Structure formats: C-alpha cells, structure tokens
Amino acid sequence: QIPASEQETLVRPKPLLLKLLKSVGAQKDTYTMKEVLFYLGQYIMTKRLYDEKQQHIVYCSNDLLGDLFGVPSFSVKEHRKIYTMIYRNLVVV
Ligand SMILES: Brc1ccc([C@H]2C3=C(N=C4NC=NN42)c2ccccc2O[C@@H]3c2ccc(Br)cc2)cc1
C-alpha cells in the first residue's frame, strides 16, 4: 500500500538502525526504502521474530528491533505503520 515513488526515497539510517542492517549483510550508509525493508526482512527471517502460525505477526519485544520500532509486536500487513516506524530511525536525504 505504499506508492513505488516512496520506497525509492533515498535515505540513511541512524547509528544502530544501521547496526541492525550491517549485521545481516549491509555495507553501505545510504539506502533506498526498500533496500532497508529488504534487509529488515532478512533480519526478521534469520532471528525468526515472526509467529510460527500466523507469520504476518512479528515479535520484537526482547530484541533490538523492538527498541528501534518502539512496539512489542506488529503486523507486516500494515505497511504505512511500518514505514513511519522506520522513518524515525533515519534522515530523508
Ligand atoms: Br512495509 C513491508 C514491505 C515488505 C513486507 C514483506 C515482508 C514479509 N511478509 C510480507 N507480505 C507481503 N509483503 N511482505 C515478511 C514476513 C515475515 C518475515 C520477513 C518478512 O519480510 C518482509 C518484512 C516485514 C516487516 C519488515 Br519491518 C520488513 C520486511 C512487509 C512490509
């Protein structure tokens, strides 16, 4: 539900939303929104932060991710929510 003209928004992550990204294979400092989302996706996948039965729900209560987003869990179905939650950990270049 996010226009493609918004996921290309050149952006760059703050100190540890960056740490989050490079810990899963990142090596740049300036990303586009979907690059960020793609890596955050790999991150959720690798630490298995999702509910094993209703896999559209993510648990980040006791994870770094939780500190970045400020919520204990969220649904990957609510794109806008995810974006604004990601926006606060980055400057829009
Ligand atoms: Br916004 C946004 C962009 C892409 C998705 C992806 C996606 C997942 N499941 C769907 N279903 C349709 N699209 N997606 C998905 C589910 C479990 C584990 C990793 C996943 O990786 C990502 C995703 C989800 C949350 C964040 Br934080 C970043 C990427 C979700 C929200």
# chains A, B, ... in the order shown; residues from 1 in each chain; ligands from 1

call {"tool": "residues_near_ligand", "arguments": {"ligand": "ligand 1", "cutoff": "10 Å", "atoms": "only C-alpha atoms and all ligand atoms", "output": "ChimeraX atom specification"}}
result
/A:1-2,7,33-52,54-58,65,69,74-86

call {"tool": "atom_distance", "arguments": {"atom1": "CA of residue 92 in chain A", "atom2": "CA of residue 68 in chain A"}}
result
16.7 Å

call {"tool": "select_by_dssp", "arguments": {"residues": "chain A", "states": "alpha helix (DSSP H)", "output": "mmCIF file with N, CA and C atoms, in the first residue's frame"}}
result
data_model
loop_
_atom_site.group_PDB
_atom_site.id
_atom_site.type_symbol
_atom_site.label_atom_id
_atom_site.label_comp_id
_atom_site.auth_asym_id
_atom_site.auth_seq_id
_atom_site.Cartn_x
_atom_site.Cartn_y
_atom_site.Cartn_z
ATOM 1 N N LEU A 17 20.245 1.549 13.613
ATOM 2 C CA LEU A 17 19.216 1.001 12.736
ATOM 3 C C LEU A 17 20.132 0.629 11.569
ATOM 4 N N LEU A 18 21.372 1.109 11.668
ATOM 5 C CA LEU A 18 22.427 0.862 10.688
ATOM 6 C C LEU A 18 23.109 -0.412 11.158
ATOM 7 N N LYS A 19 23.315 -0.492 12.472
ATOM 8 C CA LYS A 19 23.935 -1.653 13.088
ATOM 9 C C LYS A 19 23.095 -2.867 12.764
ATOM 10 N N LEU A 20 21.783 -2.663 12.818
ATOM 11 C CA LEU A 20 20.808 -3.702 12.529
ATOM 12 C C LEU A 20 21.025 -4.190 11.101
ATOM 13 N N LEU A 21 21.117 -3.252 10.165
ATOM 14 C CA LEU A 21 21.287 -3.607 8.762
ATOM 15 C C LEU A 21 22.595 -4.315 8.420
ATOM 16 N N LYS A 22 23.721 -3.766 8.858
ATOM 17 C CA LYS A 22 25.005 -4.385 8.546
ATOM 18 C C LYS A 22 25.185 -5.736 9.222
ATOM 19 N N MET A 33 14.337 3.092 0.511
ATOM 20 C CA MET A 33 13.411 2.486 1.470
ATOM 21 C C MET A 33 13.262 0.981 1.358
ATOM 22 N N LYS A 34 13.187 0.450 0.146
ATOM 23 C CA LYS A 34 13.038 -0.990 0.039
ATOM 24 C C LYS A 34 14.310 -1.756 0.324
ATOM 25 N N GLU A 35 15.463 -1.115 0.154
ATOM 26 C CA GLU A 35 16.705 -1.805 0.472
ATOM 27 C C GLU A 35 16.585 -2.050 1.975
ATOM 28 N N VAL A 36 16.328 -0.974 2.714
ATOM 29 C CA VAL A 36 16.158 -1.037 4.163
ATOM 30 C C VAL A 36 15.147 -2.115 4.557
ATOM 31 N N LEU A 37 13.956 -2.044 3.965
ATOM 32 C CA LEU A 37 12.913 -3.016 4.277
ATOM 33 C C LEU A 37 13.335 -4.458 3.945
ATOM 34 N N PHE A 38 14.026 -4.638 2.822
ATOM 35 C CA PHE A 38 14.527 -5.946 2.407
ATOM 36 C C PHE A 38 15.480 -6.498 3.473
ATOM 37 N N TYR A 39 16.406 -5.670 3.944
ATOM 38 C CA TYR A 39 17.364 -6.133 4.947
ATOM 39 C C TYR A 39 16.627 -6.406 6.266
ATOM 40 N N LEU A 40 15.730 -5.506 6.670
ATOM 41 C CA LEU A 40 14.963 -5.706 7.901
ATOM 42 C C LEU A 40 14.168 -6.992 7.773
ATOM 43 N N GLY A 41 13.824 -7.339 6.536
ATOM 44 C CA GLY A 41 13.077 -8.554 6.297
ATOM 45 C C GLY A 41 13.974 -9.752 6.531
ATOM 46 N N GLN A 42 15.195 -9.669 6.025
ATOM 47 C CA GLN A 42 16.152 -10.749 6.214
ATOM 48 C C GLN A 42 16.408 -10.908 7.702
ATOM 49 N N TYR A 43 16.458 -9.775 8.393
ATOM 50 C CA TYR A 43 16.677 -9.748 9.829
ATOM 51 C C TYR A 43 15.579 -10.497 10.593
ATOM 52 N N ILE A 44 14.329 -10.223 10.234
ATOM 53 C CA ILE A 44 13.213 -10.874 10.896
ATOM 54 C C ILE A 44 13.246 -12.368 10.622
ATOM 55 N N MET A 45 13.545 -12.690 9.377
ATOM 56 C CA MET A 45 13.613 -14.061 8.934
ATOM 57 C C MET A 45 14.689 -14.869 9.662
ATOM 58 N N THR A 46 15.895 -14.316 9.762
ATOM 59 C CA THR A 46 17.008 -15.016 10.389
ATOM 60 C C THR A 46 16.921 -15.208 11.907
ATOM 61 N N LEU A 64 16.544 -5.994 19.665
ATOM 62 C CA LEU A 64 16.976 -4.662 19.298
ATOM 63 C C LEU A 64 15.859 -4.037 18.463
ATOM 64 N N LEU A 65 15.352 -4.800 17.495
ATOM 65 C CA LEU A 65 14.277 -4.330 16.629
ATOM 66 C C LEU A 65 13.196 -3.615 17.452
ATOM 67 N N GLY A 66 12.823 -4.222 18.580
ATOM 68 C CA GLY A 66 11.823 -3.648 19.466
ATOM 69 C C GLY A 66 12.178 -2.250 19.940
ATOM 70 N N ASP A 67 13.463 -2.005 20.182
ATOM 71 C CA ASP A 67 13.901 -0.682 20.620
ATOM 72 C C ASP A 67 13.804 0.311 19.467
ATOM 73 N N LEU A 68 14.086 -0.141 18.246
ATOM 74 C CA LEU A 68 14.020 0.749 17.088
ATOM 75 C C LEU A 68 12.596 1.157 16.735
ATOM 76 N N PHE A 69 11.687 0.194 16.767
ATOM 77 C CA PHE A 69 10.302 0.454 16.420
ATOM 78 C C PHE A 69 9.415 0.913 17.576
ATOM 79 N N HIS A 79 1.641 -1.788 6.198
ATOM 80 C CA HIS A 79 2.810 -1.167 5.607
ATOM 81 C C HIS A 79 3.089 0.247 6.102
ATOM 82 N N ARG A 80 2.114 1.141 5.970
ATOM 83 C CA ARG A 80 2.279 2.516 6.418
ATOM 84 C C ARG A 80 2.833 2.573 7.837
ATOM 85 N N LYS A 81 2.222 1.812 8.741
ATOM 86 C CA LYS A 81 2.676 1.771 10.125
ATOM 87 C C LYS A 81 4.161 1.432 10.203
ATOM 88 N N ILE A 82 4.574 0.438 9.429
ATOM 89 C CA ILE A 82 5.966 0.004 9.429
ATOM 90 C C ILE A 82 6.888 1.121 8.951
ATOM 91 N N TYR A 83 6.480 1.788 7.885
ATOM 92 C CA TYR A 83 7.259 2.873 7.327
ATOM 93 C C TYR A 83 7.494 4.034 8.295
ATOM 94 N N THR A 84 6.428 4.546 8.911
ATOM 95 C CA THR A 84 6.605 5.664 9.836
ATOM 96 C C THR A 84 7.471 5.209 11.016
ATOM 97 N N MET A 85 7.370 3.931 11.358
ATOM 98 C CA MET A 85 8.130 3.352 12.459
ATOM 99 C C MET A 85 9.613 3.253 12.066
ATOM 100 N N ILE A 86 9.873 3.143 10.761
ATOM 101 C CA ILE A 86 11.234 3.061 10.231
ATOM 102 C C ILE A 86 11.769 4.464 9.966
ATOM 103 N N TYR A 87 10.889 5.364 9.569
ATOM 104 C CA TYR A 87 11.285 6.736 9.277
ATOM 105 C C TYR A 87 11.990 7.450 10.419
#

call {"tool": "residues_around", "arguments": {"residues": "residue 10 in chain A", "least_positions_apart": "2", "cutoff": "6 Å", "atoms": "only C-alpha atoms", "output": "ChimeraX atom specification"}}
result
/A:8,31-32,93

call {"tool": "write_last_selection", "arguments": {"atoms": "N, CA, C and O atoms", "output": "PDB file, in the first residue's frame"}}
result
ATOM      1  N   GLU A   8      11.720   4.426  -2.885  1.00  0.00           N
ATOM      2  CA  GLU A   8      12.977   4.718  -3.539  1.00  0.00           C
ATOM      3  C   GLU A   8      13.557   5.947  -2.892  1.00  0.00           C
ATOM      4  O   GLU A   8      14.636   6.423  -3.239  1.00  0.00           O
ATOM      5  N   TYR A  31      20.761   4.216   1.793  1.00  0.00           N
ATOM      6  CA  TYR A  31      19.860   3.235   1.195  1.00  0.00           C
ATOM      7  C   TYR A  31      18.574   3.813   0.716  1.00  0.00           C
ATOM      8  O   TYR A  31      18.211   4.924   1.063  1.00  0.00           O
ATOM      9  N   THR A  32      17.857   3.015  -0.062  1.00  0.00           N
ATOM     10  CA  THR A  32      16.534   3.395  -0.549  1.00  0.00           C
ATOM     11  C   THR A  32      15.601   2.679   0.441  1.00  0.00           C
ATOM     12  O   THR A  32      16.038   1.759   1.148  1.00  0.00           O
ATOM     13  N   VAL A  93      17.382  12.049   2.992  1.00  0.00           N
ATOM     14  CA  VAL A  93      18.303  12.820   2.133  1.00  0.00           C
ATOM     15  C   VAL A  93      17.653  13.269   0.824  1.00  0.00           C
ATOM     16  O   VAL A  93      18.170  12.898  -0.255  1.00  0.00           O
TER      17      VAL A  93
END

call {"tool": "residues_around", "arguments": {"residues": "residue 61 in chain A", "least_positions_apart": "2", "cutoff": "8 Å", "atoms": "only C-alpha atoms", "output": "PyMOL selection string"}}
result
chain A and resi 59+63+66+71-73

call {"tool": "select_by_dssp", "arguments": {"residues": "chain A", "states": "strand (DSSP E)", "output": "ChimeraX atom specification"}}
result
/A:12-13,57-59,73-75,90-91

call {"tool": "atom_distance", "arguments": {"atom1": "CA of residue 30 in chain A", "atom2": "CA of residue 11 in chain A"}}
result
5.8 Å
